[PDB]
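Quick note, the sequences are listed as chains A and B, same order.
Quick note, the first sequence lines up with residues 19 to 294 if you use my numbering.
Quick note, the second sequence lines up with residues 111 to 378 if you use my numbering.
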Amino acid sequence: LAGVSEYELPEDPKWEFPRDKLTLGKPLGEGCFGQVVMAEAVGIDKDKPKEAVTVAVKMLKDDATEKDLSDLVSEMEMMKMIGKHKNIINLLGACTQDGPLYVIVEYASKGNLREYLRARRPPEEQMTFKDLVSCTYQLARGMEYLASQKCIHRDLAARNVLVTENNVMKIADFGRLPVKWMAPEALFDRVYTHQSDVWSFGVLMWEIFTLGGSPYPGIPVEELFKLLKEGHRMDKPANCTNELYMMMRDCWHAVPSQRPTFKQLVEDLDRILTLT
Amino acid sequence: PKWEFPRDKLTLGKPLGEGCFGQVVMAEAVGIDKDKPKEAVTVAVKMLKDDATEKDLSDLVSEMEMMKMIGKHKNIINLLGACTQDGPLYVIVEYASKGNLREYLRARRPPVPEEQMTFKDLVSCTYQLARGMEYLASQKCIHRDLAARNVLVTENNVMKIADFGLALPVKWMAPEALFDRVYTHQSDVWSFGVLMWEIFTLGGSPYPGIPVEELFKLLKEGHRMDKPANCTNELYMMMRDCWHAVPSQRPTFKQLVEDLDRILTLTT
Ligand SMILES: *C[C@@H](C)C(=O)Nc1ccc(-c2c(-c3ccc(Oc4nccc(C)n4)cc3)c3c(N)ncnc3n2C)cc1
Ligand SMILES: *C[C@@H](C)C(=O)Nc1ccc(-c2c(-c3ccc(Oc4nccc(C)n4)cc3)c3c(N)ncnc3n2C)cc1
């Protein structure tokens, strides 16, 4: 059949948004999470109607199969049940009735984190140490919230983190291989846990304080795991403090048991931010 | 006929399988063994898809005849009954109490079951699986997807093969099956080498940290997986012989069972 659902089983929640006010635009980001497209909806905020608002629409790929539609609908329901948080790409609407499936989510005016930092390097809006710490604390708080809802990240890194007009860091992908980013136990056993996500967040912080730097440069993938099991971790970023680098290294602890929980990280980063 | 089973004993319960092979499902038959009068035995039912098509109704019966001709073997998931005539097709096959191999070892590693595996136990599993594969090779039998998941462990800790037909898991396919698109028993020997690797690493993902996209060209460079910690130089050389670049030079399954018998007799 098709995603217009001639004989498929939908439902009708309140989240629905009139498709008569949605306008789709340019594909945004290489669609690993799915077919995302920029859009200019009208009256999504419910308190400022008639005001044009940019959003991102998740739609089905041209050769999508039934299981892709089921995954999209289940992802929609998961985003509904997850809840709201300031440091996350939040669900704000959907079009499910009398037409194709469109999941309307929050749009960040400024690109992913990697290119944001890279375009704000001192070779405009220069990124100073305090901005980096605030950013890190933001998405760490978001990571904790996502941890509460038993969520595991598909690929956590700078290119999958967005930043809005208000410079608010938002996390995506909370649902090819990012071997350069995953922990040794996730490389070897291919199991992803909150501890593996702590290691991934350590790599994320490294990428932040190096202002969009490629992890493990020059080390081949075939060798990577071995070097990681030897205990070789990435070196300290240029403009970074010994305490933040020790935090990164604790996130990269060889055993998951001794890695700090996300709440520990949020507390430590709040204390560091307290001293501007 | 002789294999027919009464319909008043089977149940639905849990799927007990994540696709492939068929629509496996849990069941609890009663008095299936001729020696055990009435004690219930847990079994697996290979039932037909809801979208019963023209070829599936023939494919499931082809699998039935397959299990009938293949015979019985200790290290094989064996057919032990079925419900065919005057009702829906329920194929009753052996049941593994302890789950698949991957999770079986993964849950018995040193710091879940509190019985660590011994190198003794690993050599025994390898010998069992080679002894099963040599029989499956004796019959014109083909392995569809040889991996740790498709190998099961009963409550008696007996390795059982759960994939085979009759005349993509890229990390398990041989280079000739990957590049030349040719399938022979030697590719099965390569897959058995990868299985050995994931056994002696106690449920480890082959080529860790290597994505498939680069794995292709790395294999073309001659890259083979490193030796496991719990493996020996002799057994690692065995795995690397299973991974011989020239299929004709790979060891036959009978050579493998002989060598594993030789090593297993040690310290015993
Ligand atoms: C594969 C990798 C290199 C990559 O490019 N990932 C990627 C794709 C798209 C964006 C993106 C997004 C965006 C991100 C995620 C969704 O859907 C979604 N959100 C949260 C949770 C789940 C399970 N799915 C939709 C869009 C946006 C948005 N929303 N606004 C602005 N810019 C964006 N970009 C670049 C990012 C990384
Ligand atoms: C696709 C892959 C990731 C996977 O999960 N395969 C898979 C499916 C089912 C089980 C399984 C079984 C089991 C396995 C195979 C059959 O059918 C069959 N047996 C022998 C020969 C042939 C041609 N077909 C039926 C069931 C069992 C059983 N029987 N008991 C207990 N637990 C089981 N599991 C998990 C395993 C892996």
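Built from N, CA and C at the ideal position, the CB exists for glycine as well.
> Heavy atom of ligand 1 less than 7 Å from the Cβ of residue 2 (chain A), yes or no?
Replying inline: Only positions 19 to 294 of chain A appear in this structure, which leaves residue 2 (chain A) out of reach.
>> In the DSSP assignment, the beta strand (DSSP E) including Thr163 (chain B) goes from what residue to what residue?
In response: No beta strand (DSSP E) contains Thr163 (chain B), which DSSP labels as neither H nor E.
>> Assuming contact is defined by CB atoms lying nearer than 8 Å, are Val261 (chain B) and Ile271 (chain B) in contact in what I supplied?
In response: yes
>> What residue range does the beta strand (DSSP E) around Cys113 (chain A) cover?
In response: 109-113
>> When you measure from the CB of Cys113 (chain A) to every non-hydrogen atom of ligand 1, does any distance come out below 7 Å?
In response: no
> If we ignore side chains and look at the alpha-carbon of each, how far apart do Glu26 (chain A) and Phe289 (chain B) end up?
Replying inline: 40 Å
>> If I follow the unbroken beta strand (DSSP E) through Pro45 (chain A), where does it start and stop?
In response: 42-45
>> Taking contact to mean 3 or more Cβ pairs, one atom from each stretch, closer than 8 Å, check whether the region 236-246 of chain A and the region 311-324 of chain B are in contact.
In response: yes
> What are the boundary residues of the alpha helix (DSSP H) that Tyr120 (chain A) is part of?
Replying inline: Run containing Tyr120 (chain A): none in the alpha helix (DSSP H); it sits in the beta strand (DSSP E), 120-124.
> Can you tell me where the beta strand (DSSP E) with residue 12 (chain A) in it begins and where it stops?
Replying inline: The requested residue 12 (chain A) is not part of the displayed model; chain A covers only 19 to 294.
>> Shorter than 7 Å, the distance from the beta carbon of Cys153 (chain A) to the closest heavy atom of ligand 4, or not?
In response: You won't find ligand 4 in this model; what it holds is ligand 1 and ligand 2.
> Between the region 299-322 of chain B and chain A, which residues of the former have a C-beta closer than 9 Å to a C-beta of the latter?
Replying inline: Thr311, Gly313, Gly314, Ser315, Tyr317, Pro318, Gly319, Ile320, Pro321, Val322
> Secondary structure at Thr72 (chain A), three-state DSSP: helix, strand or coil?
Replying inline: strand
> Is the beta carbon of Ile202 (chain B) less than 8 Å from the beta carbon of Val135 (chain B)?
Replying inline: no
> Which residues mark the beginning and the end of the beta strand (DSSP E) in which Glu58 (chain A) is found?
Replying inline: 53-60
> Counting only beta-carbon atoms, is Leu374 (chain B) nearer than 8 Å to chain A?
Replying inline: no
> Are there 16 or more other CB atoms within 10 angstroms of the CB of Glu308 (chain B), so buried, or fewer, so exposed?
Replying inline: buried
> Can the beta-carbon of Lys79 (chain A) be found closer than 8 Å to that of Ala59 (chain A)?
Replying inline: no
>> Give me the subset of the region 173-207 of chain A whose CB atoms are less than 7 Å from a CB atom of chain B, sorted by chain position.
In response: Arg194, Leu195, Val197, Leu205, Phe206, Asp207
>> Excluding the 5 residues flanking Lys148 (chain B) on each side, which residues of the same chain have their C-beta closer than 8 Å to its C-beta?
In response: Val140, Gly141
>> Less than 8 Å between the beta carbons of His171 (chain A) and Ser232 (chain A), yes or no?
In response: no
> Does the Cβ-Cβ distance between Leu211 (chain B) and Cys251 (chain B) come in under 8 Å?
Replying inline: no
>> Let's test the definition: count the other Cβ atoms within 10 Å of the Cβ of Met179 (chain B) and tell me whether it reaches 16, buried, or not, exposed.
In response: exposed
>> Taking 7 Å as the cut-off, is the beta-carbon of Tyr205 (chain B) closer than that to any non-hydrogen atom of ligand 2?
In response: yes
> Do the CB positions of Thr114 (chain A) and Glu24 (chain A) come within less than 8 Å of each other?
Replying inline: no
>> If contacts are defined as beta-carbon pairs under 8 Å, then residue 382 (chain B) and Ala192 (chain B) qualify, I think. What distance do you get, rounded to the angstrom?
In response: Since the first residue shown for chain B is 111 and the last is 378, residue 382 (chain B) is missing from the structure and cannot be characterised.
> Is it the case that the Cβ atoms of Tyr237 (chain B) and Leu374 (chain B) are separated by a distance below 8 Å?
Replying inline: yes
> Mind checking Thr279 (chain A): buried by the 16 CB within 10 Å criterion, or exposed?
Replying inline: exposed
>> Just to make sure I have the definition right: I need the residues of chain A whose C-beta is within less than 8 Å of the C-beta of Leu329 (chain B). Which are they?
In response: Result: empty, since nearest Cβ-Cβ is about 11 Å, beyond 8 Å.
> Mind listing which residues of the region 41-64 of chain A have their C-beta closer than 8 Å to chain B's C-betas, in chain order?
Replying inline: none
> Taking buried to mean at least 16 other C-beta atoms within 10 Å of its own C-beta, is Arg194 (chain A) buried or exposed?
Replying inline: exposed
>> Determine whether the beta carbon atoms of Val153 (chain B) and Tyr214 (chain B) lie at a separation below 8 Å.
In response: no
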